[PDB]
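The chain below stands alone and is given in C-alpha cells; this is the form deposited in one PDB entry.
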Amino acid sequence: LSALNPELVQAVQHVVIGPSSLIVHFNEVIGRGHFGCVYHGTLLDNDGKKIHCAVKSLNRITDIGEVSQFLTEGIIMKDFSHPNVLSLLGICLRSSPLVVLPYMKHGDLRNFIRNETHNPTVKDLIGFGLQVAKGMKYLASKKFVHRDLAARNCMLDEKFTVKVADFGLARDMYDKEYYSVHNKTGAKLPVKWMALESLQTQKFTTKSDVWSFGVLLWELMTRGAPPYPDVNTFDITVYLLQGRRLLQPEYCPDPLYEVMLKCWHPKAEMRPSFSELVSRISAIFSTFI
C-alpha cells in the first residue's frame, strides 16, 4: 500500500482503524459474500469499551487503482448517518483490507422473518418496511442510488432496528441465487427486484429503488417467499411488460398492496417518493393493534 497517492492516504486517515484498536475472530465465518466473508470482532473506543463489529475481508483485489477507489468511496460513506442505514465504522489497512461494520445481532431481514420460532405480527412486518423507507428516504436525499434493495440486503440490530445495508464498502452478492449476468456488460443483476426500465437499459435511479422497495414490501408480507418463483430470470422483463405483477399476499392489507402497485408503475416519475412512502406507510402501520 506504499504505492498509494500520499494525499489520498491523508484524506482517508480519519476512516482508518489501527490494528491495536481491533480484536477480530477470524476462526469463525458469520456471513458470506461473494467478495468476502464476514467475521465478528470488537473495536475499542476511547475508554476501551468494546463495540461489536462485523468485519469483512475483501477477496479479489488485484491492483492499487481498486484500492484507491475503495478508499475514495470510504471517505464518502463514512460521513453518511441515519438510524435506518448501516454505518461504516472504518477500514483497517495494517492487518487483505478489512471493512469494519456494526455487528447486526439478528442478521438479515429475510432470514429473520423466515425464522419459524418467532412470530412478528403483521404490524411488526409493516414496521420493518417503514424503517427501510426511512433509511431509503435518507439515501435518496444524499442522491445515492442503492441498486440492490431487497430483504436479504437489510440487517437488524439488537434493538430490532432495521438498517439498509449492502451498499458502499459492504456491497456484495450475499445470496448468489438471485443475480444473473448480462451478456452485453458483465453486470450481475438482481433481476426479480429491478424496475422495468432498469431491465431494459441497465440504468438505475432512486425511482428504480422505489420499485425494489415494493418488492421488499411483498417479501415482508409473505414472510420471505421468493418473488416470481415460476418465472425464469430471463422471462421477467416480458412478464412485467405483459401487465403482470406480484399477487397480493394473503395477509397483506389492501392499502399496502395499493402502495406496492404504485411502486411498480411503468413510468418512474409516477412512483411515490420515499418521503411519500414513509408518510403513507406510517399511517398504515398506525392502524394495527
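The numbering used is simple: start at 1 and walk along the sequence shown. What we label the rigid core is the largest C-alpha set whose atoms superpose within 1.5 Å from one form to the other.
What comes next is about the form deposited in another entry, which does not appear here.
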Task: Entry of 239, 228, 35, 264 that shows, once the rigid core is matched between the shown form and the other one, a C-alpha shift of 2 Å or more - done: 35
Task: Is_shifted residue 197 between the shown form and the other one (CA, 2 Å cut-off, rigid core) - done: no
Open item on the list: Could you check, with the core superposed, whether the Cα atom of residue 175 shifts 2 Å or more between the shown form and the other one?
Closed with: yes
TODO: Compare the CA separation of residue 232 and residue 33 in the other form with the one in the displayed structure, and answer closer or farther (the difference is at least 3 Å).
DONE: farther
TODO: Might you say whether the CA atoms of residue 175 and residue 219 end up closer or farther apart in the other form than in this form? Their distance differs by 3 Å or more.
DONE: farther
